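Some notes on the structure that comes next.
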Amino acid sequence: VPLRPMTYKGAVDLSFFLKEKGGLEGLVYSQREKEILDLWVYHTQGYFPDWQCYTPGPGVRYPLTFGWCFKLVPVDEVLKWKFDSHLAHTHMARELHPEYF
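Per UniProt numbering, the sequence shown runs over residues 76 to 151, 181 to 205.
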């Protein structure tokens, strides 16, 4: 498909797709593993890969983009992808760090 920007509408439906149909959930996070993912999504769905960002360490990393419903939790610093459907409702990345926005 053609080329388009991530949108909340889109982000949400995506968050679903991946959860619902396959294993991102609980996947150890990594730089490349992210990146790969980006493109993948892109090739898959023509989203310009500039929307997959999370808040900085320590602890739980919150997706920057409102409506992308995955965060990165620690293991016991090591991060695993986790799905959470409330980040559809709460834009955590925002109260935590309104500076960027």
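Just so it is clear, CB atoms sit at the ideal spot from N, CA and C, and this is done for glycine as well.
- Between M196 and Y129, the C-beta spacing is not below 8 Å.
- Close CB contacts of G97 within its chain, under the 8 Å cut and outside five residues either way in sequence, are absent.
- Per the C-alpha coordinates, the member of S105, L78 and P77 positioned closest to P149 is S105.
- Under DSSP, the beta-bridge partners assigned to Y129 are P138.
- When DSSP states are grouped into helix, strand and coil, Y117 belongs to the helix group.
- According to DSSP, residue pairing for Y122 in a beta bridge involves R79.
- For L200, the enclosing alpha helix (DSSP H) covers residues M196 to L200.
- Looking at the backbone, the Cα of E199 and that of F205 are separated by about 10 Å.
- In this structure, DSSP gives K146 an extended state, which the three-state scheme calls strand.
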